[PDB]
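Dumped work_36.pdb below, it's PDB, C-alpha atoms:
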```pdb
ATOM      1  CA  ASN Q 540       3.624 -15.742  -9.835  1.00  0.00           C
ATOM      2  CA  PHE Q 541       0.309 -15.924  -7.990  1.00  0.00           C
ATOM      3  CA  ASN Q 542      -3.059 -15.893  -9.770  1.00  0.00           C
ATOM      4  CA  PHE Q 543      -5.798 -15.598  -7.126  1.00  0.00           C
ATOM      5  CA  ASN Q 544      -9.325 -15.477  -8.582  1.00  0.00           C
ATOM      6  CA  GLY Q 545      -8.042 -13.657 -11.661  1.00  0.00           C
ATOM      7  CA  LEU Q 546      -5.809 -11.244  -9.723  1.00  0.00           C
ATOM      8  CA  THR Q 547      -2.319 -11.783 -11.159  1.00  0.00           C
ATOM      9  CA  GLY Q 548       0.844 -10.687  -9.383  1.00  0.00           C
ATOM     10  CA  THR Q 549       4.388 -11.719  -8.536  1.00  0.00           C
ATOM     11  CA  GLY Q 550       5.839 -11.980  -5.053  1.00  0.00           C
ATOM     12  CA  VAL Q 551       6.421 -14.072  -1.947  1.00  0.00           C
ATOM     13  CA  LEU Q 552       3.377 -15.349  -0.056  1.00  0.00           C
ATOM     14  CA  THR Q 553       3.738 -15.495   3.729  1.00  0.00           C
ATOM     15  CA  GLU Q 554       1.447 -16.057   6.691  1.00  0.00           C
ATOM     16  CA  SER Q 555      -0.195 -12.828   7.852  1.00  0.00           C
ATOM     17  CA  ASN Q 556      -1.801 -11.786  11.134  1.00  0.00           C
ATOM     18  CA  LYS Q 557      -4.001  -9.185   9.418  1.00  0.00           C
ATOM     19  CA  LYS Q 558      -7.704  -9.476  10.256  1.00  0.00           C
ATOM     20  CA  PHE Q 559      -9.900  -9.286   7.154  1.00  0.00           C
ATOM     21  CA  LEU Q 560     -13.708  -9.161   7.003  1.00  0.00           C
ATOM     22  CA  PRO Q 561     -16.032 -11.898   5.688  1.00  0.00           C
ATOM     23  CA  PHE Q 562     -16.903  -9.916   2.552  1.00  0.00           C
ATOM     24  CA  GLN Q 563     -13.353  -8.614   2.061  1.00  0.00           C
ATOM     25  CA  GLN Q 564     -11.202 -10.571  -0.399  1.00  0.00           C
ATOM     26  CA  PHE Q 565      -8.198  -8.496  -1.517  1.00  0.00           C
ATOM     27  CA  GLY Q 566      -5.909  -6.044   0.243  1.00  0.00           C
ATOM     28  CA  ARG Q 567      -4.248  -2.748  -0.567  1.00  0.00           C
ATOM     29  CA  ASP Q 568      -1.926  -0.107   0.860  1.00  0.00           C
ATOM     30  CA  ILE Q 569      -1.464   3.671   0.825  1.00  0.00           C
ATOM     31  CA  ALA Q 570      -0.188   3.413  -2.770  1.00  0.00           C
ATOM     32  CA  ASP Q 571      -3.193   1.289  -3.889  1.00  0.00           C
ATOM     33  CA  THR Q 572      -0.918  -1.676  -4.595  1.00  0.00           C
ATOM     34  CA  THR Q 573      -1.844  -5.250  -3.720  1.00  0.00           C
ATOM     35  CA  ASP Q 574      -0.553  -6.212  -0.270  1.00  0.00           C
ATOM     36  CA  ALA Q 575      -2.688  -9.112   1.023  1.00  0.00           C
ATOM     37  CA  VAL Q 576      -4.928 -11.776  -0.495  1.00  0.00           C
ATOM     38  CA  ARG Q 577      -7.550 -14.083   1.013  1.00  0.00           C
ATOM     39  CA  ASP Q 578      -7.190 -17.503  -0.591  1.00  0.00           C
ATOM     40  CA  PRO Q 579     -10.559 -18.886  -1.779  1.00  0.00           C
ATOM     41  CA  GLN Q 580      -9.548 -22.491  -1.072  1.00  0.00           C
ATOM     42  CA  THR Q 581      -9.014 -21.936   2.666  1.00  0.00           C
ATOM     43  CA  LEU Q 582      -9.830 -19.120   5.093  1.00  0.00           C
ATOM     44  CA  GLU Q 583      -6.527 -17.316   5.646  1.00  0.00           C
ATOM     45  CA  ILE Q 584      -4.625 -14.195   4.583  1.00  0.00           C
ATOM     46  CA  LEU Q 585      -1.326 -14.195   2.667  1.00  0.00           C
ATOM     47  CA  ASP Q 586       0.899 -11.138   2.287  1.00  0.00           C
ATOM     48  CA  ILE Q 587       2.759 -10.074  -0.862  1.00  0.00           C
ATOM     49  CA  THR Q 588       6.299  -8.689  -1.039  1.00  0.00           C
TER      50      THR Q 588
ATOM     51  CA  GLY X 932      13.709  25.044  30.628  1.00  0.00           C
ATOM     52  CA  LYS X 933      11.584  27.529  28.692  1.00  0.00           C
ATOM     53  CA  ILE X 934      12.789  26.250  25.318  1.00  0.00           C
ATOM     54  CA  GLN X 935      12.205  22.670  26.476  1.00  0.00           C
ATOM     55  CA  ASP X 936       8.638  23.531  27.490  1.00  0.00           C
ATOM     56  CA  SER X 937       8.013  25.423  24.243  1.00  0.00           C
ATOM     57  CA  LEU X 938       9.220  22.482  22.154  1.00  0.00           C
ATOM     58  CA  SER X 939       7.117  20.059  24.204  1.00  0.00           C
ATOM     59  CA  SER X 940       3.932  22.151  23.990  1.00  0.00           C
ATOM     60  CA  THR X 941       4.403  23.492  20.430  1.00  0.00           C
ATOM     61  CA  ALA X 942       3.868  21.351  17.328  1.00  0.00           C
ATOM     62  CA  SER X 943       4.996  23.867  14.672  1.00  0.00           C
ATOM     63  CA  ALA X 944       8.562  24.224  15.989  1.00  0.00           C
ATOM     64  CA  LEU X 945       9.911  21.487  13.676  1.00  0.00           C
ATOM     65  CA  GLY X 946       7.889  22.537  10.637  1.00  0.00           C
ATOM     66  CA  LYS X 947      10.844  22.586   8.242  1.00  0.00           C
ATOM     67  CA  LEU X 948      11.938  18.957   8.616  1.00  0.00           C
ATOM     68  CA  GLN X 949       8.381  17.607   8.663  1.00  0.00           C
ATOM     69  CA  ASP X 950       7.533  19.650   5.565  1.00  0.00           C
ATOM     70  CA  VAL X 951      10.601  18.331   3.730  1.00  0.00           C
ATOM     71  CA  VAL X 952       9.760  14.741   4.672  1.00  0.00           C
ATOM     72  CA  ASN X 953       6.135  15.192   3.601  1.00  0.00           C
ATOM     73  CA  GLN X 954       7.211  16.724   0.282  1.00  0.00           C
ATOM     74  CA  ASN X 955       9.521  13.791  -0.430  1.00  0.00           C
ATOM     75  CA  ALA X 956       6.838  11.277   0.567  1.00  0.00           C
ATOM     76  CA  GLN X 957       4.161  12.891  -1.604  1.00  0.00           C
ATOM     77  CA  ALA X 958       6.561  13.126  -4.551  1.00  0.00           C
ATOM     78  CA  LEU X 959       7.264   9.401  -4.207  1.00  0.00           C
ATOM     79  CA  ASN X 960       3.545   8.642  -3.888  1.00  0.00           C
ATOM     80  CA  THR X 961       2.741  10.669  -7.010  1.00  0.00           C
ATOM     81  CA  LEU X 962       5.509   8.903  -8.931  1.00  0.00           C
ATOM     82  CA  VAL X 963       4.141   5.513  -7.862  1.00  0.00           C
ATOM     83  CA  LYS X 964       0.544   6.464  -8.688  1.00  0.00           C
ATOM     84  CA  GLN X 965       1.490   7.770 -12.143  1.00  0.00           C
ATOM     85  CA  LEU X 966       1.794   4.126 -13.227  1.00  0.00           C
ATOM     86  CA  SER X 967      -1.972   3.701 -12.818  1.00  0.00           C
ATOM     87  CA  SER X 968      -2.531   5.929 -15.853  1.00  0.00           C
ATOM     88  CA  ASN X 969      -3.257   3.834 -18.940  1.00  0.00           C
ATOM     89  CA  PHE X 970      -2.460   6.545 -21.529  1.00  0.00           C
ATOM     90  CA  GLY X 971      -5.083   5.085 -23.885  1.00  0.00           C
ATOM     91  CA  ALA X 972      -4.224   1.434 -23.246  1.00  0.00           C
ATOM     92  CA  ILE X 973      -6.801  -1.118 -22.132  1.00  0.00           C
ATOM     93  CA  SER X 974      -5.003  -1.515 -18.797  1.00  0.00           C
ATOM     94  CA  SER X 975      -1.859  -0.189 -17.142  1.00  0.00           C
ATOM     95  CA  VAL X 976      -0.552  -3.748 -16.641  1.00  0.00           C
ATOM     96  CA  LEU X 977       2.017  -4.535 -19.329  1.00  0.00           C
ATOM     97  CA  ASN X 978       1.460  -8.298 -19.159  1.00  0.00           C
ATOM     98  CA  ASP X 979      -2.324  -8.057 -19.517  1.00  0.00           C
ATOM     99  CA  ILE X 980      -2.241  -5.657 -22.472  1.00  0.00           C
TER     100      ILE X 980
END
```
Any chance you could put this one into structure tokens?
Amino acid sequence: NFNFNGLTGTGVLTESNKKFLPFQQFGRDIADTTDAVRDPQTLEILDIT
Amino acid sequence: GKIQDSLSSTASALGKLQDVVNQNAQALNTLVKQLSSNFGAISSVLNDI
């Protein structure tokens, strides 16, 4: 159950090759559901399943 | 050969199957998006409310 900067969800976090942008923080899909998150502690992207 | 060429150069030949697939996909997308509606609640998230 991941709480990232107030965004609460449940899933499995895995390393992602997606390329975000410096201002971009969260991620979404066609169905406007959370799919990727940029961890504030370190500069990387984690997927959600 | 003529039917092969027509299928290769025509995009509307397979309209039925593509239309059925698109209808199913959009029905699923609408069903998923219906959850976003709050119906008077503060938020659509059960845990938060």
> Counting all atoms listed in the file, what is within 12 Å of residue 980 (chain X), bar same-chain residues fewer than 5 positions away, as a PyMOL selection string?
Replying inline: chain X and resi 969+971-975
> Mind telling me what the PyMOL selection byres ((chain Q) within 12 of (chain X)) catches here, as number ranges by chain?
Replying inline: Q: 545-549, 568-572
Expected file: the selected residues, C-alpha atoms, as a PDB file, in the coordinates of the input:
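Heads up, here's the output in result21.pdb:
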```
ATOM      1  CA  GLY Q 545      -8.042 -13.657 -11.661  1.00  0.00           C
ATOM      2  CA  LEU Q 546      -5.809 -11.244  -9.723  1.00  0.00           C
ATOM      3  CA  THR Q 547      -2.319 -11.783 -11.159  1.00  0.00           C
ATOM      4  CA  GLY Q 548       0.844 -10.687  -9.383  1.00  0.00           C
ATOM      5  CA  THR Q 549       4.388 -11.719  -8.536  1.00  0.00           C
ATOM      6  CA  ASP Q 568      -1.926  -0.107   0.860  1.00  0.00           C
ATOM      7  CA  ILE Q 569      -1.464   3.671   0.825  1.00  0.00           C
ATOM      8  CA  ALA Q 570      -0.188   3.413  -2.770  1.00  0.00           C
ATOM      9  CA  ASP Q 571      -3.193   1.289  -3.889  1.00  0.00           C
ATOM     10  CA  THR Q 572      -0.918  -1.676  -4.595  1.00  0.00           C
TER      11      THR Q 572
END
```
> What is the distance between CA of residue 544 (chain Q) and CA of residue 962 (chain X), in Å to one decimal?
Replying inline: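 Calculated distance between CA of residue 544 (chain Q) and CA of residue 962 (chain X) is 28.5 Å.
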>> Within 10 Å of (-6.7, -20.5, -3.2) in the file's own coordinates, which protein, DNA or RNA residues have an atom, counting all atoms listed in the file? List them as a list in words.
In response: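 Answer for this query, in the requested form: residues 541, 542, 543, 544, 576, 577, 578, 579, 580, 581, 582 and 583 of chain Q.
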> Which polymer residues have any atom within 8 Å of an atom of region 551-555 of chain Q, counting only C-alpha atoms, with same-chain residues fewer than 3 positions away left out, as a list in words?
Replying inline: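 Using only C-alpha atoms, the neighbours found are residues 584, 585, 586, 587 and 588 of chain Q.
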Please enclose the listed atoms of region 548-557 of chain Q in an axis-aligned box, pad each side by 8 Å, and write out the centre and the three edge lengths in Å, rounded to one decimal, as JSON.
```
{"center_x": 1.2, "center_y": -12.6, "center_z": 0.9, "size_x": 26.4, "size_y": 22.9, "size_z": 36.5}
```
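The gap separating CA of residue 575 (chain Q) from CA of residue 550 (chain Q) is 10.9 Å, in Å to one decimal.
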>> If I take CA of residue 573 (chain Q) and CA of residue 559 (chain Q), how far is one from the other in Å, to one decimal?
In response: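 Interatomic distance, CA of residue 573 (chain Q) to CA of residue 559 (chain Q): 14.1 Å.
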Since the input lacks some atoms of region 560-582 of chain Q, please model N, CA, C and O atoms and print them as a PDB file, in the coordinates of the input.
```
ATOM      1  N   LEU Q 560     -12.286  -9.055   6.731  1.00  0.00           N
ATOM      2  CA  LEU Q 560     -13.708  -9.161   7.003  1.00  0.00           C
ATOM      3  C   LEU Q 560     -14.325 -10.224   6.100  1.00  0.00           C
ATOM      4  O   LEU Q 560     -13.768 -10.541   5.044  1.00  0.00           O
ATOM      5  N   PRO Q 561     -15.468 -10.796   6.487  1.00  0.00           N
ATOM      6  CA  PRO Q 561     -16.032 -11.898   5.688  1.00  0.00           C
ATOM      7  C   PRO Q 561     -16.251 -11.542   4.227  1.00  0.00           C
ATOM      8  O   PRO Q 561     -16.005 -12.377   3.348  1.00  0.00           O
ATOM      9  N   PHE Q 562     -16.707 -10.322   3.939  1.00  0.00           N
ATOM     10  CA  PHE Q 562     -16.903  -9.916   2.552  1.00  0.00           C
ATOM     11  C   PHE Q 562     -15.592  -9.529   1.880  1.00  0.00           C
ATOM     12  O   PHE Q 562     -15.447  -9.714   0.666  1.00  0.00           O
ATOM     13  N   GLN Q 563     -14.636  -8.999   2.638  1.00  0.00           N
ATOM     14  CA  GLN Q 563     -13.353  -8.614   2.061  1.00  0.00           C
ATOM     15  C   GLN Q 563     -12.551  -9.775   1.480  1.00  0.00           C
ATOM     16  O   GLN Q 563     -12.438 -10.842   2.090  1.00  0.00           O
ATOM     17  N   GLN Q 564     -11.994  -9.560   0.289  1.00  0.00           N
ATOM     18  CA  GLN Q 564     -11.202 -10.571  -0.399  1.00  0.00           C
ATOM     19  C   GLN Q 564      -9.759 -10.141  -0.609  1.00  0.00           C
ATOM     20  O   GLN Q 564      -8.838 -10.880  -0.240  1.00  0.00           O
ATOM     21  N   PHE Q 565      -9.533  -8.966  -1.189  1.00  0.00           N
ATOM     22  CA  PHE Q 565      -8.198  -8.496  -1.517  1.00  0.00           C
ATOM     23  C   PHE Q 565      -7.706  -7.519  -0.451  1.00  0.00           C
ATOM     24  O   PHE Q 565      -8.401  -7.204   0.517  1.00  0.00           O
ATOM     25  N   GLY Q 566      -6.479  -7.037  -0.641  1.00  0.00           N
ATOM     26  CA  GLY Q 566      -5.909  -6.044   0.243  1.00  0.00           C
ATOM     27  C   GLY Q 566      -5.149  -5.004  -0.554  1.00  0.00           C
ATOM     28  O   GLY Q 566      -4.775  -5.223  -1.709  1.00  0.00           O
ATOM     29  N   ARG Q 567      -4.925  -3.858   0.085  1.00  0.00           N
ATOM     30  CA  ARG Q 567      -4.248  -2.748  -0.567  1.00  0.00           C
ATOM     31  C   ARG Q 567      -3.549  -1.898   0.483  1.00  0.00           C
ATOM     32  O   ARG Q 567      -3.732  -2.082   1.690  1.00  0.00           O
ATOM     33  N   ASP Q 568      -2.739  -0.957   0.001  1.00  0.00           N
ATOM     34  CA  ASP Q 568      -1.926  -0.107   0.860  1.00  0.00           C
ATOM     35  C   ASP Q 568      -2.165   1.363   0.541  1.00  0.00           C
ATOM     36  O   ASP Q 568      -3.102   1.703  -0.188  1.00  0.00           O
ATOM     37  N   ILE Q 569      -1.319   2.241   1.085  1.00  0.00           N
ATOM     38  CA  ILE Q 569      -1.464   3.671   0.825  1.00  0.00           C
ATOM     39  C   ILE Q 569      -1.329   3.954  -0.665  1.00  0.00           C
ATOM     40  O   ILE Q 569      -2.024   4.818  -1.214  1.00  0.00           O
ATOM     41  N   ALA Q 570      -0.434   3.232  -1.344  1.00  0.00           N
ATOM     42  CA  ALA Q 570      -0.188   3.413  -2.770  1.00  0.00           C
ATOM     43  C   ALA Q 570      -1.036   2.486  -3.633  1.00  0.00           C
ATOM     44  O   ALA Q 570      -0.590   2.079  -4.712  1.00  0.00           O
ATOM     45  N   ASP Q 571      -2.228   2.122  -3.161  1.00  0.00           N
ATOM     46  CA  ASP Q 571      -3.193   1.289  -3.889  1.00  0.00           C
ATOM     47  C   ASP Q 571      -2.502   0.191  -4.698  1.00  0.00           C
ATOM     48  O   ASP Q 571      -2.803  -0.048  -5.869  1.00  0.00           O
ATOM     49  N   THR Q 572      -1.574  -0.499  -4.042  1.00  0.00           N
ATOM     50  CA  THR Q 572      -0.918  -1.676  -4.595  1.00  0.00           C
ATOM     51  C   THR Q 572      -1.281  -2.892  -3.755  1.00  0.00           C
ATOM     52  O   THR Q 572      -1.413  -2.795  -2.530  1.00  0.00           O
ATOM     53  N   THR Q 573      -1.445  -4.035  -4.417  1.00  0.00           N
ATOM     54  CA  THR Q 573      -1.844  -5.250  -3.720  1.00  0.00           C
ATOM     55  C   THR Q 573      -0.851  -5.577  -2.612  1.00  0.00           C
ATOM     56  O   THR Q 573       0.366  -5.554  -2.823  1.00  0.00           O
ATOM     57  N   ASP Q 574      -1.377  -5.882  -1.426  1.00  0.00           N
ATOM     58  CA  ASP Q 574      -0.553  -6.212  -0.270  1.00  0.00           C
ATOM     59  C   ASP Q 574      -0.970  -7.487   0.446  1.00  0.00           C
ATOM     60  O   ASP Q 574      -0.115  -8.115   1.082  1.00  0.00           O
ATOM     61  N   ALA Q 575      -2.236  -7.891   0.372  1.00  0.00           N
ATOM     62  CA  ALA Q 575      -2.688  -9.112   1.023  1.00  0.00           C
ATOM     63  C   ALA Q 575      -3.817  -9.711   0.201  1.00  0.00           C
ATOM     64  O   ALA Q 575      -4.573  -8.998  -0.464  1.00  0.00           O
ATOM     65  N   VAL Q 576      -3.922 -11.038   0.258  1.00  0.00           N
ATOM     66  CA  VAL Q 576      -4.928 -11.776  -0.495  1.00  0.00           C
ATOM     67  C   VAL Q 576      -5.519 -12.859   0.396  1.00  0.00           C
ATOM     68  O   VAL Q 576      -4.808 -13.526   1.154  1.00  0.00           O
ATOM     69  N   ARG Q 577      -6.835 -13.031   0.299  1.00  0.00           N
ATOM     70  CA  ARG Q 577      -7.550 -14.083   1.013  1.00  0.00           C
ATOM     71  C   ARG Q 577      -7.767 -15.244   0.051  1.00  0.00           C
ATOM     72  O   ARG Q 577      -8.561 -15.139  -0.890  1.00  0.00           O
ATOM     73  N   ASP Q 578      -7.064 -16.345   0.285  1.00  0.00           N
ATOM     74  CA  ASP Q 578      -7.190 -17.503  -0.591  1.00  0.00           C
ATOM     75  C   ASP Q 578      -8.584 -18.128  -0.595  1.00  0.00           C
ATOM     76  O   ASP Q 578      -9.111 -18.463   0.475  1.00  0.00           O
ATOM     77  N   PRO Q 579      -9.213 -18.292  -1.759  1.00  0.00           N
ATOM     78  CA  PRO Q 579     -10.559 -18.886  -1.779  1.00  0.00           C
ATOM     79  C   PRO Q 579     -10.600 -20.314  -1.266  1.00  0.00           C
ATOM     80  O   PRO Q 579     -11.611 -20.724  -0.682  1.00  0.00           O
ATOM     81  N   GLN Q 580      -9.530 -21.086  -1.467  1.00  0.00           N
ATOM     82  CA  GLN Q 580      -9.548 -22.491  -1.072  1.00  0.00           C
ATOM     83  C   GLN Q 580      -9.708 -22.644   0.435  1.00  0.00           C
ATOM     84  O   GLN Q 580     -10.498 -23.474   0.902  1.00  0.00           O
ATOM     85  N   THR Q 581      -8.970 -21.856   1.213  1.00  0.00           N
ATOM     86  CA  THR Q 581      -9.014 -21.936   2.666  1.00  0.00           C
ATOM     87  C   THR Q 581      -9.041 -20.532   3.250  1.00  0.00           C
ATOM     88  O   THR Q 581      -8.534 -19.581   2.650  1.00  0.00           O
ATOM     89  N   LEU Q 582      -9.631 -20.415   4.438  1.00  0.00           N
ATOM     90  CA  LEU Q 582      -9.830 -19.120   5.093  1.00  0.00           C
ATOM     91  C   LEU Q 582      -8.598 -18.587   5.819  1.00  0.00           C
ATOM     92  O   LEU Q 582      -8.422 -18.782   7.023  1.00  0.00           O
TER      93      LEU Q 582
END
```
